[PDB]
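Chains, contacts and geometry: an overview
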Amino acid sequence: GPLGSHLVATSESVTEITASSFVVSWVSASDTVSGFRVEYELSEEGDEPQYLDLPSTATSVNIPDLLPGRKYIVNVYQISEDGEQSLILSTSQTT
């Protein structure tokens, strides 16, 4: 049954804890995507934003070098064959 969800997941859907890393996954809300671009910045300090580029076949990425005890804002954008970016997933986390 729906084990009520069973969070089934289990293992800290968040593994890459090292350096307070993050493991976020999304859906290629588009097959015309030529690649993906992930952006994460401190929701507090507002430091400078960082970008990570992944292939159109990528649907998940691990963000390392994160500052423990800090909140980061993550936004995944898919790049179309025209170079257009579209927000497919936006979420924040607290190392």
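Residues numbered from 1 in each chain as written, not as in the entry; some residues may be left out. Heavy atoms only, no water.

Structure determination for this PDB entry was carried out by solution NMR, as recorded in the header.

In this section: the overall build of the chain. Per the secondary structure count, the chain includes zero helices and six strands. Scanning the chain from its N terminus toward the C terminus, one meets helices and strands in the order β-β-β-β-β-β. For the chain, the spread of C-alpha atoms along the principal axes amounts to about 45 × 40 × 20 Å. Taking all 95 residues of the chain together, 26% fall into the buried category. In the form shown here, the chain has an accessible surface area of approximately 5700 Å², with 51% of it arising from carbon and sulfur atoms. (Helix = DSSP H or I, 4+ residues; strand = E, 2+ residues; numbered from the N terminus. Buried < 20%, exposed > 50% of the residue type's maximum accessible area, 1.4 Å probe, protein only. Areas by Shrake-Rupley, 256 points an atom, 1.4 Å probe, with all protein chains shown as cover.)

Counting residues in each nonpolar core, the largest one holds 16 residues, and the members touching the most others are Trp26, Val38, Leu54 and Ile63. Of all the secondary-structure elements, those providing two or more residues to this core are β1 (22–25), β2 (33–42), β4 (60–63) and β5 (71–80). If one sorts the elements of this core by residue count, β2 sits on top with five residues. In this structure, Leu54 is in contact with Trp26, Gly35, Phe36, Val38 and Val61, ignoring residues within four places of it in sequence. (Core = buried A, V, L, I, M, F, W, Y, C linked by side-chain atoms within 4.5 Å. Contact = heavy atoms within 4.5 Å.)

This part covers the pairing of β4. Burial along β4 is one-sided: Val61 and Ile63 are buried, and none of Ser60 and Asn62, which face the opposite way, are. Bridging between β1 and β4 involves four bridges; their strand directions are antiparallel. Bridge pairing in β4 places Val24 opposite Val61. (Pairing = 2+ DSSP bridges.)

So, about the pairing of β5. Most of β5 is tucked away, with seven of its ten residues classed as buried. By the bridge criterion, nine bridges tie β2 to β5 in an arrangement that is antiparallel. From the neighbouring strand, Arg37 faces β5, where its bridge partner is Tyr77. Here β5 runs beside strand β6 (residues 85–94); their pairing, made up of nine bridges, is antiparallel. Bridging across to β6, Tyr77 finds its partner in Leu87. Two successive antiparallel strands, β5 and β6, enclose a turn made up of four residues, where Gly83 displays a positive phi of approximately 90 degrees.

This next bit is on the pattern of salt bridges. When the charged atoms of two side chains with opposite charge come close together, those side chains can pair. Taken as a whole, this structure holds one salt bridge when the rule is applied. Ionic pairing is found between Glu45 and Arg70, a salt bridge with its closest N-O pair at 1.8 Å. Pair noted here: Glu45 is in the loop between β2 and β3 (50–55) and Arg70 is in the loop between β4 and β5, with a separation of 25 residues, a long-range link. The class of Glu45 is partly exposed, set by a relative accessible area of 48%. (Salt bridge = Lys/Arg side-chain N within 4 Å of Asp/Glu carboxyl O.)

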